[PDB]
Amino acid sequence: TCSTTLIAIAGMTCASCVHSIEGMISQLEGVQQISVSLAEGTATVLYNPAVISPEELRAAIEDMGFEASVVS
């Protein structure tokens, strides 16, 4: 079964980037779905914790040039 993680993402200011983040993160092994809220500055990720971790997700987002933090 999937777990959920909430990640704060700073610096998102366009639709293009929302879609780019969702595309990149969704394709990682174990990621079922990612919902980015441009309004709230967050991503909610449904993932298989046996194969990927919140800190791996966070790190992938950072690598795209956004500051990111696992909230919960």
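Residue indices: 1-based, along the sequence shown.
A.B. asks: Determine, for stretches 15 to 23 and 50 to 58, which one has the higher mean CA B-factor as deposited.
C.D. replies: Between 15 to 23 and 50 to 58, it is 50 to 58.
A.B. asks: Among the modelled residues of this chain, does the Cα B factor of residue 28 put it in the lowest, middle or highest third?
C.D. replies: For residue 28, whose C-alpha B-factor we compare with every modelled residue in the chain, the answer is the lowest third.
A.B. asks: Among all modelled residues of this chain, ranked by Cα B factor, put residue 70 in the bottom, middle or top third, i.e. lowest, middle or highest.
C.D. replies: Ranked within chain, residue 70 CA B lands in the middle tercile.
A.B. asks: Could you say whether, by C-alpha temperature factor, residue 39 belongs to the lowest, middle or highest third of its chain?
C.D. replies: According to the entry, residue 39 has a C-alpha B-factor in the chain's highest third.
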